[PDB]
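A single chain comes next, written as structure tokens; it is the form deposited in one PDB entry.
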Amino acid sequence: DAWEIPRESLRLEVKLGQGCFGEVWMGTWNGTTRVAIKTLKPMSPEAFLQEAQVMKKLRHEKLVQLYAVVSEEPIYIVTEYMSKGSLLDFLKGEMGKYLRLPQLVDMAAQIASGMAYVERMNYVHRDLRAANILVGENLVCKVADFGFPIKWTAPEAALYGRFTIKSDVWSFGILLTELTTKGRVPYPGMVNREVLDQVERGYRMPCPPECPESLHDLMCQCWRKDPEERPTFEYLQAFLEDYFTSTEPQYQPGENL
């Protein structure tokens, strides 16, 4: 591939994360370029490289960009560096307190835009969640982790393994509650089985405090029982972009949103 780089052109400076497959470092590439670096802790090599095999085919400003690879053990996947790390940490940290609806709606729209690309390219994420969204300067968000947590997963997908772009739309509705509670785990107080039993019976999370009903109505569309009645990402993107003129032209900031 043209993606391949020499091992000595990489310097891993700061560990950012660790996990059951390996780790993520902040580093440099060709002594000039800030980069995120992912390692395979010697998962199968074929298994771990599938992510970059995908990120080679998908280019878009709201998807984290692959830069380079090292395809022999030890493996290295090199992408653009996102300075604020996961959206989940972002919302839960010192910035969460300063975010209001216009910022969060904007981030949602950026994500929707990324997912609209995925929709058009005919892929399926299957783990779309705030913990898998990355954030950079000036509130840029990007879809990441193209490598199942029940609370984020559509019923048909969790029960019958029917994973589609429509089950990603379902996750997006959950991710909207994460944006509007600023990182809270969805379905507060409920364990997995209780979530699954309840969602099947037609339970849906209620409108989060200070969140406008019009936004909770959007979540509710993403959580329709019939996958094909859920809106497209193109639709969601357009709605979120237009939100403050078309839907809440008289919105006022509150204490939290």
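Basically, rigid core = biggest C-alpha set you can superpose within 1.5 Å across the two forms. Throughout, we count residues from 1 along the sequence that is shown.
In what follows, reference is made to the form deposited with a partner chain bound, a form of this protein that is not presented.
Look up in the bound PDB entry whether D106 has a non-hydrogen atom within 4.5 angstroms of the partner chain, and give yes or no. Residue-level check for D106: no, no contact with the partner chain.
Tell me, yes or no, whether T33 is in contact with the partner chain in the bound PDB entry, where a contact means a heavy atom of each within 4.5 Å. Flag for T33 set to no.
Any non-hydrogen atom of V70 within 4.5 angstroms of the partner chain in the bound PDB entry: Answer no; every heavy atom of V70 is more than 4.5 Å from the partner chain in the bound PDB entry.
I'd like to know whether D145 contacts the partner chain in the bound PDB entry, with contact meaning heavy atoms within 4.5 angstroms. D145: contacts the partner chain in the bound PDB entry.
Only one of 206-214, 33-41, 193-201, 58-66 has heavy atoms within 4.5 Å of the partner chain in the bound PDB entry; I'd like to know which. Heavy atoms within 4.5 Å of the partner chain in the bound PDB entry occur in 33-41.
Contacting member of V118, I77, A154, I111, with respect to the partner chain in the bound PDB entry [4.5 Å, heavy atom]: That would be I77.
Within 4.5 Å, heavy atoms only, which of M95, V124, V140, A131 is in contact with the partner chain in the bound PDB entry? For this set of options, the contacting one is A131.
Position that moves between the shown form and the other one after core superposition, taken from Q198, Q50, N192, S214, with Cα shift of 2 Å or more: The residue that shifts is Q50.
Return yes or no for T232: a CA shift of at least 2 Å between the shown form and the other one, with the rigid core superposed? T232: C-alpha displaced by less than 2 Å between the shown form and the other one.
Establish whether a shift of 2 Å or more occurs at the C-alpha of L101 between the shown form and the other one, with the two forms superposed on the rigid core. The answer is no, as the C-alpha of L101 shifts between the shown form and the other one by less than 2 Å after core alignment.
Does the distance between the two CA positions of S246 reach 2 Å or more between the shown form and the other one, the core being superposed? Where the cores coincide, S246 shows only a C-alpha shift between the shown form and the other one that is less than 2 Å.
At a change of 3 Å or more, would you call the C-alpha separation of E51 and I133 in the bound PDB entry closer or farther than in the form supplied? Pair moves farther apart in the bound PDB entry.
Shorter or longer C-alpha distance for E51 and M82 in the bound PDB entry, given it differs from this form by 3 Å or more? Result: farther.
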